[PDB]
Amino acid sequence: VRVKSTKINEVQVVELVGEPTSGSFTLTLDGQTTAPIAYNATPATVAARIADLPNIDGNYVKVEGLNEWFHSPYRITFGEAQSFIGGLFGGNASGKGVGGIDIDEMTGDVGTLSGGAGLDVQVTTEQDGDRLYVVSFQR
Amino acid sequence: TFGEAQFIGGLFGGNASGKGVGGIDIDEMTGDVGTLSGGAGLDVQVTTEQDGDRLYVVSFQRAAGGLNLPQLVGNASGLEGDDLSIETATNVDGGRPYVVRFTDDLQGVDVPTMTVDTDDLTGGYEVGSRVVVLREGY
Amino acid sequence: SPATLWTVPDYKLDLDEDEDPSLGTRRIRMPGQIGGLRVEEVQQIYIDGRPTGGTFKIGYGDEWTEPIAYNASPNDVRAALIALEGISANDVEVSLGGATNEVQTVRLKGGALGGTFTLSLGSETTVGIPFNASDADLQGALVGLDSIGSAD
Amino acid sequence: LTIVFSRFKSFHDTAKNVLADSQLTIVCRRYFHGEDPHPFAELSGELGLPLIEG
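Attention here is on the structure that accompanies the text.

Thresholds, definitions, all that
- Residues numbered from 1 in each chain as written, not as in the entry; some residues may be left out.
- Chains lettered and ligands numbered in written order.
- Part of a larger assembly, values for the part shown.
- Heavy atoms only, no water.
- Helix = DSSP H or I, 4+ residues; strand = E, 2+ residues; numbered from the N terminus.
- Buried < 20%, exposed > 50% of the residue type's maximum accessible area, 1.4 Å probe, protein only.
- Areas by Shrake-Rupley, 256 points an atom, 1.4 Å probe, with all protein chains shown as cover.
- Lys, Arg positive; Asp, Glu negative; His and termini not counted.
- Charge placed at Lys NZ, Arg CZ, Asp CG, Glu CD.
- Contact = heavy atoms within 4.5 Å.
- Pairing = 2+ DSSP bridges.
- Axes fitted to C-alpha atoms, helices over the stretch in contact; angles between N-to-C directions.
- Buried area = accessible area lost by both parts, 1.4 Å probe.
- Salt bridge = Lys/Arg side-chain N within 4 Å of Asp/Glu carboxyl O.
- Polar contact = N/O pair within 3.5 Å; in protein donor to acceptor, adjacent residues only side chain to side chain.
- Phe/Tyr/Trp six-rings, centres within 6.5 Å; stacked < 30°, edge-to-face > 60°.
- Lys NZ or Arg CZ within 6 Å of the ring centre and 35° of its normal.

### With respect to the overall build of chain A
And step 1. Looking only at helices and strands, chain A features one helix and 12 strands.
And step 2. Of the regular secondary structure in chain A, the N- to C-terminal order runs β-β-β-β-β-β-α-β-β-β-β-β-β.
And step 3. Here the C-alpha coordinates of chain A stretch approximately 65 × 25 × 25 Å along the principal axes.
And step 4. Out of the 139 residues in chain A, the part that is buried amounts to 35%.
And step 5. Looking at chain A as shown, the accessible area adds up to about 8,100 Å², and 49% of this sits on carbon and sulfur atoms.
And step 6. For chain A, the distance from the average position of its 9 positive side-chain charges to the average position of its 17 negative side-chain charges is 19 Å.

### Structural notes on the overall build of chain C
And step 1. Of regular secondary structure, chain C possesses two helices and 13 strands.
And step 2. Principal-axis analysis of the C-alpha atoms gives chain C an extent of 105 × 50 × 25 Å.
And step 3. Taken over 152 residues, chain C has a buried fraction of 40%.
And step 4. Contacts in chain C between residues far apart in sequence, at least 24 positions, make up 16% of those at least 6 positions apart.
And step 5. When the accessible surface of chain C is summed, it comes to about 8,200 Å², and 48% of that surface belongs to carbon and sulfur atoms.
And step 6. Taking the average place of the 10 positive charges on the side chains of chain C and the average place of its 23 negative ones, the gap between the two points comes to 2 Å.

### Brief notes about the sheet that holds strand β4 (residues 85-92) of chain B
And step 1. A sheet is described by the order of its strands in space; here three strands give the open sequence β1(B)-β10(C)-β4(B), paired in antiparallel fashion. Two strands close off the open sheet at either side, each with one partner strand: β1 (55-59) and β4 of chain B. Across the sheet, the mean angle from the axis of one strand to that of its neighbour is 20°, orientation sign disregarded.
And step 2. Taken together, the five bridges between β1 of chain B and strand β10 (residues 103-109) of chain C define a ladder with antiparallel strand orientation. What sits directly across from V58 of chain B, in β10 of chain C, is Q104 of chain C.

### A word on the interface of chain C and chain B
And step 1. Each partner contributes to the interface: chain C provides 86 residues, whereas chain B provides 96 residues.
And step 2. Summing the contributions of chain C and of chain B, the shared interface buries around 9,400 Å²; its carbon and sulfur component is 55%.
And step 3. Counting the surface chain C buries against chain B, the share from its top three residues, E41, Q43 and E102 of chain C, is 9%.
And step 4. Put simply, chain C and chain B have six salt bridges between them.

### Considerations on the side chain of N132 of chain C
And step 1. Along the chain, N132 of chain C falls in the loop between β13 (129-130) and α2 (135-143).
And step 2. In this structure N132 of chain C comes out as buried when scored by relative accessible area, which is 6%.
And step 3. Only 2.8 Å separates the side chain of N132 of chain C from the backbone oxygen of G18 of chain B, close enough to count as a polar contact.
And step 4. Within the structure, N132 of chain C has its side chain in polar contact with the backbone oxygen of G20 of chain B (distance 2.8 Å).
And step 5. The residues contacting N132 of chain C, other than those within four sequence positions of it, are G18, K19, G20, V21, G22, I24, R54 and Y56 of chain B.

### Some details on the pattern of salt bridges
For side chains of opposite charge, pairing can occur when their charged atoms come near one another.
And step 1. Under the criterion given, the structure shown has 10 salt bridges over all chains.
And step 2. Residue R101 of chain B pairs with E40 of chain C through a salt bridge whose shortest N-O separation is 2.8 Å. Taken together, the positions of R101 of chain B in strand β5 (residues 98-102) and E40 of chain C in the loop between β4 (33-34) and β5 (42-48) put the pair across two chains. Taken individually, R101 of chain B and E40 of chain C each receive the classification buried, so the pair is uniform in this respect.
And step 3. Here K16 of chain D and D13 of chain D are joined by a salt bridge, their closest N and O atoms 3.7 Å apart. Taken together, the residues span about one helical turn, with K16 of chain D and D13 of chain D both in helix α1 (residues 11-22) at a distance of three residues.
And step 4. Looking at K16 of chain D, the relative accessible area reads 45%, which means it is partly exposed.
And step 5. A residue is classified by how much of its surface remains accessible, and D13 of chain D, at 34% relative accessible area, is partly exposed.

### Some details on the environment of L51 of chain D
Residues and elements named next belong to chain D.
And step 1. Tracing the backbone shows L51 in the segment after β2 (49-50).
And step 2. Considered as a pair, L51 and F40 are 11 residues apart in the sequence and their alpha carbons are 9.6 Å apart.
And step 3. If we skip the residues at most four places from it in the chain, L51 touches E42, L43 and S44.

### So, the packing of aromatic side chains
And step 1. Scanning all chains against the criterion turns up five aromatic pairs over all chains.
And step 2. Between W69 of chain A and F70 of chain A the ring centres are 5.7 Å apart and the planes differ by 85°, which places this aromatic pair in the edge-to-face class.
And step 3. Look at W69 of chain A and you get buried, because its relative accessible area is 1%.
And step 4. Considering the side-chain rings of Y98 of chain B and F56 of chain C, the 6.5 Å spacing of their centres and the 35° angle between planes classify their relative orientation as tilted. Placement of the pair is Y98 of chain B in strand β5 and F56 of chain C in strand β6 (residues 53-60), with the two residues belonging to separate chains. Comparing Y98 of chain B with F56 of chain C, the two get one shared label, buried.
And step 5. Ring pairing ties together the aromatic residues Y39, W69 and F70 of chain A together with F12 of chain B, which thus form one cluster.
And step 6. The aromatic ring of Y46 of chain C is capped on one face by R130 of chain B, whose charged end is 4.1 Å from the ring centroid.
And step 7. Geometry around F5 of chain D places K9 of chain D over its ring, the cationic atom sitting 4.4 Å from the centre.

### Describing the environment of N67 of chain A
And step 1. Relative to the elements of secondary structure, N67 of chain A occurs in strand β7 (residues 61-69).
And step 2. You can call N67 of chain A partly exposed: its relative accessible area is 41%.

### Describing unusual backbone geometry
And step 1. Omega for the peptide link from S72 of chain A to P73 of chain A comes to -20°, which places this bond in the cis form.
And step 2. When you line up the elements, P73 of chain A lands in strand β8 (residues 72-78).
And step 3. Unusually for a residue other than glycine, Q6 of chain B sits at a positive phi of about 60°.
And step 4. Residue placement: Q6 of chain B occurs in the segment before β1.
And step 5. At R62 of chain B, a position not held by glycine, the phi torsion is positive, near 50°.
And step 6. Within the fold, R62 of chain B resides in the loop between β1 and β2 (73-75).

These figures capture arrangement, not role.
Right, dumping it as structure tokens:
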């Protein structure tokens, strides 16, 4: 037997709707929740705040600021990691860092934000994650 | 020459980006010929060879994109200068038409071109209507 | 789409003495013939000049709708058209399509060598915009309104 | 997928081998007012509305 797979990453966008002018917000993923993020946090700070989550547990996520309101929206890509057969039985399995997984949508909470009208933290998926495995038999 | 040497939210925090006077319709200088000597009919006259200007273009898109918005009105009161005003114009009025599509028992039928009576509409400006046929039914 | 499929003979009746016998009984499968194609009529109704109240009426041949509100949805236009005796219970679909964006322009006049100004859009009013504002400064002021958003 | 490269070649000399290996055609048409449709006008979707109005 031989196995092949294609990685397709989760991409999610975080929008500070209502245009906040001071304070700090948080993001939730599986209930694990981020140390509060500034209204003008740099994407590399947002990356450290999502990397610290027990369900991510490493520098596996990247984020880019689209710069419509300070750095907002933030566009977050899981698995791009920039701000032997039999090894499974040996406890040295080769798959490292979350990527090609259908990450359930992060939920925002406004925290201490204040500013314009109708504040919320809004989240959307721009590309659903996938890793289809193809198992081909032989010999 | 007035203008050369020799983040969106920054304004609310006093970190406004608009440094250096240039793109402004500056008032014409005057020159005083006191303490100045040695000639005839001495004066310090000035003239302008190109007026300063900046037209800001504002384009409303996405959730503002379908709307026929009201015209921006400017208040000049916080400016300091000799005779201020703010000029605003619509260059493209917005909108989104009703698409009427003839269907089922009118599928493939050459229907009449509609006309819209606007006499009971109120407010607005040059209020009117137009009907554009995208397809003849056939 | 349902289609008629015809198989039609193309027989060779004068075969040479060693030519393929299969050509004597040759028949051609025709492509498949569709019914009459219908084109659905489409008309775009535009209302111009930003009415703030009242009603309009749509004429369909000799008849007219009941009054339609300036604010009407596609479903309100559809209900108004289906009530007109030239149109029956499913014969008209109505929707909105094809945005034109507003584009507006702003200029300061006079030797305004200092201070600040405000813009207003309906009832809402900006923070003060510097006399020498960048494009970013004016966008930030316009985006700080309650109707406008940072994407818009 | 391919590499287009030049150091001050003509566009013809640049495109020649790329168009030949890829099997592609350059086509050009002059826009004449009052007889042609606008060169970038195209329709879309369930109803066949223009992509961009105006």
